[PDB]
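Every chain is numbered from 1 and lettered A, B, ... according to where its sequence line falls, protein lines coming before strand lines. Atoms considered below: every heavy atom in the structure, side chains included; atoms not considered: hydrogens, waters and symmetry mates.
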Amino acid sequence: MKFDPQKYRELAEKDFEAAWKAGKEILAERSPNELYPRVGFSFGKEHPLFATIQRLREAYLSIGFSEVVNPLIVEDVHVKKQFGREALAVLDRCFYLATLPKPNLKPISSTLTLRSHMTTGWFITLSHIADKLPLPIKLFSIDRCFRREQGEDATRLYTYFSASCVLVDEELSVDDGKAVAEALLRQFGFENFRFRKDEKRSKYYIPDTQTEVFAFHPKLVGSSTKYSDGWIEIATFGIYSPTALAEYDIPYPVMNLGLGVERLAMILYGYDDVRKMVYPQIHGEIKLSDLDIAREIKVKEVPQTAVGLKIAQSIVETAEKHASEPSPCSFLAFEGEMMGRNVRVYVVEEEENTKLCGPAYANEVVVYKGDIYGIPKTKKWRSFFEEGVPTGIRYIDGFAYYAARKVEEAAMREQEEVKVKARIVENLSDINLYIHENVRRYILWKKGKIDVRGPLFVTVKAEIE
Amino acid sequence: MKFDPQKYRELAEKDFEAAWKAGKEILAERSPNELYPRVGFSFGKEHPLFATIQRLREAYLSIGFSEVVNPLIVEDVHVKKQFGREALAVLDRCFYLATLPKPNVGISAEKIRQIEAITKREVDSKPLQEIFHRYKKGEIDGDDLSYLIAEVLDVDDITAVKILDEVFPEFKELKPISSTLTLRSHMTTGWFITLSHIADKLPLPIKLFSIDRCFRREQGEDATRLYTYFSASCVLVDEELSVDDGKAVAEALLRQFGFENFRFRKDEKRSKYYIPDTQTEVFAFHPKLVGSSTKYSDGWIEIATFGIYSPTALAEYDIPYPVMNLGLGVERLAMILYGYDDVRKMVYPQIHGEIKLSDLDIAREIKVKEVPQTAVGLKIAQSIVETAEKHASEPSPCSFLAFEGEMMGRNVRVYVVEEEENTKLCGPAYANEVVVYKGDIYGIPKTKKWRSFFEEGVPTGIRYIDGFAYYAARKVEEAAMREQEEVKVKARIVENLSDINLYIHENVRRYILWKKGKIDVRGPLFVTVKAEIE
Amino acid sequence: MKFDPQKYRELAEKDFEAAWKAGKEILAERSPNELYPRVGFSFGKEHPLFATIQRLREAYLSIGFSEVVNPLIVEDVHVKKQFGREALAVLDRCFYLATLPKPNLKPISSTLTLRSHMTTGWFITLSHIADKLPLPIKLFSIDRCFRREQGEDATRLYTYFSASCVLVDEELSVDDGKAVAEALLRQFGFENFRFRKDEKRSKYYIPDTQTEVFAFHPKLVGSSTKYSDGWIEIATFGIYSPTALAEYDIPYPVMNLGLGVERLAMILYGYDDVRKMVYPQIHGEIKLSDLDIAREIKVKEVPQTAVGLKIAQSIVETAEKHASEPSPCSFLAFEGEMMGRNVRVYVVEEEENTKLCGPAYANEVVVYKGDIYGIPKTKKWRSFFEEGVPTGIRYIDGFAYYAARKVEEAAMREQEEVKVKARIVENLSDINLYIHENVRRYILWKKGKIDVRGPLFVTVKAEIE
RNA sequence: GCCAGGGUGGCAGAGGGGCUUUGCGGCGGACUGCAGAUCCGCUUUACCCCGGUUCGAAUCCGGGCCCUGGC
């Protein structure tokens, strides 16, 4: 609450310590569902694929390449100009575009295709500048490509991102490609590199320049994979063939290096399955932290008056010191007024030979590894309390709040007495607690469990006058 | 090299394979020092501290706080308006700003000055008692290129610097004089000031942050603490606030840095600028810390602290609303994120001897000293290695024509030979390769004995004969200039890189020494090359 | 509200158009203060100084320099080692550190100082590596420095940021410094550069290498300053003198370039005064957009029942079609029930020879240039309505809501009739609208004005039974 | 912060009022040697800082730091 500086100013002139202690007066008195962890801030989380793409942009810029957007939709003649004879074979892996013929049904294929690698687009782009800009020209682009690889999914996806670059200069060799790979890859934590000639020898690359790049990453040593030794194939490059360059009037050699983004991201963020990584929602990988679930556990009925609160608070108070006493037995917890009349609240047990409260009255609700537990703070359960996240709500706590608001309803109901007792807890409900239907569906989906049980056996009585 | 597009188009349209194969002509033939890993690209690295700060900026922004710059230099009265009597304990941990006073070329040093022969060094000029009085008025540092360059003649500080020393030992006396100005020991000292100008003129709630420097002495040591540090701080101003707002903020912030669980305890200090019982310490759990050798084996560490400003203190600046303040020590977070155990090594690696090159870096630094300056010379070298590889077992004596051709318009024939008898053309270590492994440079042969090195280190791709061959070719190449006719160069026992025509820049050599690394490049090369140039 | 897919599924199988139109049923019915622009999202805004610092880090990394942290607190002997004789003069501009002597008051100066430029720290840092790392060594650091320049503030501040770098190599010249400046500055939009020898010729730089850099920025041409021609002094560099390098055992020349951050930021974000830029709160530069202020304008009393709303809504409805009718005159606006009994709401005027509503009943509240206006939608005021931000709340709108909640209070009060009328509007209050005390203090501070006036003259009567 | 043993050259490790180890390492040179060695020459006379004792202290005494077996 807002306060007056003068008061505290002079009030502190008289007695500092008193002024200081007086300060608690400005603090807000929070009710159940407004207490941590039930209250919190949220924020967006980025996706591993796009984070990686952004890291790659930075890395290329770090070594001098300028960004470009290459043609994505292209006439199949371009693949013909680039692969030569081997072109028919290549086009098999591509997708062609088809359009519905404007009915004055059946789509009609055109001669347009989606690029299968960035290269199809690089030649077009280079044709307009390779002879008009100072050398060397260093361009890069991280964008989508489409491929019909076998037409499966267990091995590959239809669309993927290629983090690609081209280097145009008068004198080039396979060494420029090795230098670029190391400089790019070192920025991602790779420490050692090995290169081997790629057996396929594609016709758009000068014979024997097509190289496969292997890099070593410590993060992968001891990995539950064949990448256990730390090495993995991560990119490929080659020097474009004059046969292809010539079909675009490019007169200089061109070093092209391409790296598959999905694989890098998997390594950086620890994924084993590409699809689980880029499409987690679609592949049931949703996930909430224990702290998240704990925040969703709320008190259903809460006292609506400042009086109600201090009542539930008192109910709890006396049960924390007389849950032992033999029954029958009775105690007065609260005495005062609300809504216009005084009231007396009693914590009791009518049954013979037993204790006031059940042995589980002090059990606390705590989340651990996706499960919700109702347990006692015993050495037996320590690990749950220290590594999970306790709600700070006990069995009585949840009940008292219900009790209070219940007499509070009697007061406004014109009654004069109310009976509210609790016996055996079987779920969150029995303890005046709930979670939104979506979180419940979540926990089932994740095959989690809710174990909130126990002998509460606690009764409260009150008489309003 | 460049090529002709039209030519390639027309040859490719008819005979594709021929054109494709011919493409190799446009590639560059690289000399030894132009080959990977000897050539490379570089890039700058980020310092862990500043990296963390930028991430913290992004994290505070993502949760709705706006950036601010708070006062850093402040009168110590603010620590008093904020702590009350406890202030003295605080100020004893702070630094005060002291400054140097101006010297007096009068009164103090003039009654006993004009009572003696002032200056002799002839520069005479009229009494600049004024141009020297203005020094008690308003001056600076570069003002020296004034009362000299445009006074008693003499451009710049040629005689300006020295005229001072041997004429007025008065400047050499000066001693700094403290003031009441202090350097904030935590962001809080400055938040109050900043908040006094807006807590009541901006829409509530007000969410501001600042990640900046603070200063705080500690036992006068470095291994016990640092004099300056960064605090990633924030303030929340609203009508209703409780410790829960501090918790919610700590979690929303820390969760973005990989922490997953939090615990809060009351701070025994119970500092006066905070409402009693609100000063909380925050402990967080981070995976990277579990199983760690550190004192945080279980993954828990105290990462921040927060509280709610005492209305007693808010009043001193006329702030009418409660405010929550959370501070995070940046250095510690950086250590966790980038894996460091010692603050000092983390932020001051260069000064604390923590410099490092990777094996790959060292390999790149191993170059070939002597290299043929001719395209034919390179061919000559290539052929030497070639014939040396073909007839390395031929019993002694023996001889082989390695290369026959023209160089400088003077026919040449180079031979690989072995004079001595009872041995072979090439020594046993002729095919040894130079490889960098765990900081050392080794001259070794590919033997099951050294798999580890060739597999986990970085091969330079250069062998004893390769290095020697380049040396030789350059030699004959030189003779072919001295108008010579017969050249002979030999290699016997190898002691170091030098004996292989290999070298490393002097800084790299020192790095290796400093890191207690070694260079073991030895072995029996015993290879000879003879040339006849006409 | 949550709905059932099956219903809409089959319901759409019967008649799509009907299903579609039925969709409006799931939308939320928003009450006054929950309507745009009264509801919104916020987000953090970064400060120009720190944004610039971050752009500078990127720019240095873009050209190959690695980040470093240099010593900030230093023994004054280092300035002595670096400036030689000219050192006494330099120390005058520095700050020394003093500590309170632990009383078993008066601070005692030590021999420690704060660096006045990054250079004081570079030498220390370079001493440990210039002879142990491959050349060239390219380091940079953007951090704080302290200076007692004249001891004023109208010209300079005590602390500032230096965006600095060093380049260590065997062969260097003043040309390396020019190359670095252009590469760094081009990334900030500067297009042309001129260099002139700095007259001061500091002793830590090789004589005649200390250079001043001038750069041209189009953003500054036509600027209300002498920077009108587009040029401005933006940085300085030089090659460290062997005299100084030698005191640290550094055997190679070193190119050092430093650029003052505050000036760059001012240019990038358009500021004329350094202090107004880095300390806007302290120099009264707080600022809220019109849209922000509009959002803070809320309806004080709002009908608490769905019935109350449709009532206020109806009051408004009939006044929009009978504000003309001559008075005395009366109309029935609503008839139905709430809280347990039927009610009839009347919009009327008892006075003779006049109109039902005042001529200002339809005036709208709109914010423009920091001022709040109550005006009619007339060609005369068009520019205000098209360039400012209207609240969407008119004079009647604000009143009706009050009327409604007022009968709503009579219903629960057991009454049977209520009189609520409005005459002359003099402020936001008279129209059932308010703004939080801090926004009001804001508007006064910014010397803004509130002009909400006019003849409302509208009366409402109702009788609950 | 309270008990105790101590702080030596690049690394290692003896010793103990002035002369004084030593080993590794390293650097320069020599060697008819076909494998990772041989011989000669080599330092910055090394023992934290402030006082005290003394003709003289690294070695004796007091204090300030720094490492360790301890609460």
Side-chain angles (χ1 to χ4, degrees), chain B residues 89 92 217-227 268 341-345 352-355 384 387-389 391-400 416-437 439-454 457 460 462-465 467-469 488-500 502-504 506-529, chain C residues 75 77 99 101-102 104 108 110-112 127-129 131-132 249:
Chain B
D92 273 307
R217 64 190 304 230
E218 279 296 354
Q219 291 284 299
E221 302 151 359
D222 181 359
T224 298
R225 201 73 62 174
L226 288 174
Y227 286 161
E268 288 188 299
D341 290 334
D342 181 355
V343 205
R344 289 140 34 195
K345 293 186 183 186
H352 294 283
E354 304 296 349
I355 68 176
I384 294 175
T387 84
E389 290 184 301
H391 319 292
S393 295
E394 286 293 299
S396 308
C398 51
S399 174
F400 300 87
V416 173
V417 312
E418 178 52 288
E419 305 290 62
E420 299 188 355
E421 308 173 61
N422 196 180
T423 188
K424 307 192 201 56
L425 188 62
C426 301
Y430 89 109
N432 269 26
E433 173 165 38
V434 179
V435 331
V436 184
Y437 180 70
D440 304 305
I441 303 181
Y442 280 98
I444 56 186
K446 279 172 155 295
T447 299
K448 293 50 62 184
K449 183 189 187 307
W450 311 101
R451 277 186 179 183
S452 44
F453 286 47
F454 292 78
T460 193
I462 305 176
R463 300 165 305 174
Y464 292 18
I465 28 70
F468 173 87
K488 302 185 179 186
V489 51
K490 51 183 62 180
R492 301 172 141 72
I493 7 68
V494 158
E495 295 294 27
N496 45 238
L497 290 169
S498 176
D499 300 334
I500 237 63
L502 256 37
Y503 81 98
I504 57 179
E506 74 181 83
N507 282 359
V508 315
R509 180 147 242 131
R510 280 190 281 286
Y511 166 78
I512 289 175
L513 248 66
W514 163 269
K515 303 291 287 195
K516 299 178 174 184
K518 59 187 174 183
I519 297 182
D520 187 6
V521 170
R522 297 174 291 189
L525 221 202
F526 297 115
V527 48
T528 317
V529 171
Chain C
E75 281 295 348
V77 56
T99 158
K102 331 306 287 66
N104 291 305
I108 303 177
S110 71
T111 190
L112 297 173
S127 67
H128 291 78
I129 60 182
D131 70 313
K132 284 180 276 186
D249 265 332

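- Shown here for B:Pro397 and B:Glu419, the closest heavy-atom pair between the two residues is CG-O, 3.7 Å.
- Judged by ring centres under 5.5 angstrom apart and ring planes under 30 degrees, D:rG26 stacks on its strand neighbour D:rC27.
- For D:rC3, the paired nucleotide is D:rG69, the pair qualifying as Watson-Crick or G-U wobble because both relevant distances are below 3.5 Å.
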Check nucleotides 31-39 of chain D against the protein and report each pair of N or O atoms closer than 3.5 Å, with its distance, or say if there are none.
residue : atom : partner  : partner atom : Å
D:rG33  : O6   : B:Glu420 : OE2          : 2.9
D:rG33  : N1   : B:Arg492 : NE           : 2.8
D:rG33  : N2   : B:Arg492 : NE           : 3.4
D:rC34  : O2   : B:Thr423 : OG1          : 3.1
D:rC34  : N3   : B:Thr423 : OG1          : 3.3
D:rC34  : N4   : B:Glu420 : OE1          : 2.6
D:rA35  : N6   : B:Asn432 : OD1          : 3.3
D:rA35  : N1   : B:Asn432 : ND2          : 3.3
D:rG36  : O3'  : B:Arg522 : NH1          : 3.4
D:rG36  : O2'  : B:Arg522 : NE           : 2.6
D:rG36  : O2'  : B:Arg522 : NH1          : 2.9
D:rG36  : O2'  : B:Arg522 : NH2          : 3.4
D:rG36  : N1   : B:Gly443 : O            : 3.3
D:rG36  : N2   : B:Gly443 : O            : 3.2
D:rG36  : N2   : B:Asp520 : O            : 3.2
D:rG36  : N2   : B:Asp520 : OD1          : 3.2
D:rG36  : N2   : B:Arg522 : N            : 3.2
D:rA37  : OP2  : B:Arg522 : NH1          : 3.1
D:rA37  : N6   : B:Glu495 : OE2          : 3.1

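- Summarising the base pairing, D:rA46 is matched to no nucleotide, lacking a Watson-Crick or G-U wobble pair whose two defining distances lie under 3.5 Å.
- Taking atom P in both D:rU68 and D:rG10, the straight-line distance is 23 Å, to the nearest Å.
- Neighbouring residues D:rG5 and D:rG6 meet the stacking criterion, with the centres of their six-membered base rings under 5.5 Å apart and the ring planes within 30° of each other.
- Taking atom CZ on B:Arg510 and atom P on D:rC27, their separation rounds to 13 Å, with Å as the unit.
- Nearest heavy-atom pair, B:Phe526 versus B:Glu418, reported as atom, atom and distance to 0.1 Å: O-OE2, 4.2 Å.
- The six-membered rings of D:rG10 and D:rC11 are stacked by the 5.5 Å centre and 30° plane criterion.
- With P as the reference atom, D:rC49 and D:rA58 are 9 Å apart, rounded to whole Å.
- Atom NZ of B:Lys516 is separated from atom P of D:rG10 by 11 Å (rounded to the nearest Å).
- Rounded to the nearest Å, the gap between the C1' atom of D:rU43 and that of D:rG23 is 15 Å.
- Both distances falling under 3.5 Å, in either a Watson-Crick or a G-U wobble arrangement, occur for no nucleotide opposite D:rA58.
- Rounded to the nearest Å, the gap between the P atom of D:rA57 and that of D:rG17 is 15 Å.
- Pairing status of D:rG25 against D:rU43: not a Watson-Crick or G-U wobble pair with both distances under 3.5 Å.
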Next on the checklist: salt bridge (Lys or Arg N to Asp or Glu O under 4.0 Å) for B:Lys345 and B:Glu354? Distances and angles first, verdict last.
Outcome noted: CA-CA 7 Å; B:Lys345 293 186 183 186; B:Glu354 304 296 349; 3.1 Å; yes

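- In this strand, D:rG17 does not stack on its neighbour D:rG18 when judged by six-membered ring centres under 5.5 Å apart and planes inclined by less than 30°.
- One atom, NZ of B:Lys518, and another, P of D:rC27, lie 14 Å apart when rounded to the nearest Å.
- The separation of D:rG5 from D:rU38, taken at their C1' atoms, amounts to 45 Å, rounded to a whole angstrom.
- Taking the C1' atoms as reference points, D:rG16 lies 5 Å from D:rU59, given to the whole Å.
- Between B:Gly443 and B:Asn432 the shortest heavy-atom distance is O-ND2, 3.1 Å.
- Residues B:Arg509 and B:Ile504 are in side-chain contact: their nearest non-hydrogen atoms beyond the backbone lie under 4.5 Å apart.
- Here CD1 of B:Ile444 is found 10.0 Å from OH of B:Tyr437. Values are rounded to the nearest 0.5 Å.
- Comparing D:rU8 with D:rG70, their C1' atoms sit 27 Å apart, to the nearest whole Å.
- Nucleotide D:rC31 is matched to nothing when pairs are restricted to Watson-Crick or G-U wobble geometry with both distances under 3.5 angstrom.
- Neighbours D:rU20 and D:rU21 form no stacked pair of bases, judged on six-membered rings against the 5.5 Å and 30° limits.
- D:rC42 and D:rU21 are spaced 15 Å apart, taking the P atom of each and rounding to whole Å.
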Next on the checklist: Could you walk me through whether B:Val417 and B:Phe400 satisfy the side chain to side chain contact (heavy atoms under 4.5 Å, CB included) test, starting with their C-alpha distance in whole Å, then the side-chain angles of each, then the deciding distance to 0.1 Å, before giving a yes or no?
Outcome noted: CA-CA 7 Å; B:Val417 312; B:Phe400 300 87; over 6 Å; no

Next on the checklist: Can you build the contact string for nucleotides 62-71 of chain D? Use B for base contact, S for sugar-phosphate-only contact, and - for no protein heavy atom under 4.0 Å.
Outcome noted: ----------

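- Here the side chain of B:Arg510 pairs a donor or acceptor atom with the backbone of C:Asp131 at under 3.5 angstrom.
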Next on the checklist: Working note: B:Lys518 + B:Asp520, criterion salt bridge (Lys or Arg N to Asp or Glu O under 4.0 Å); need CA distance, chi angles, decisive distance, verdict.
Outcome noted: CA-CA 6 Å; B:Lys518 59 187 174 183; B:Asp520 187 6; 6.0 Å; no

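- The aromatic rings of B:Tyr442 and B:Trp450 are tilted relative to each other, their planes meeting at an angle between 30° and 60°.
- Rounding to the nearest 0.5 Å places CG of B:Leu425 at 7.5 Å from OG of B:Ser396.
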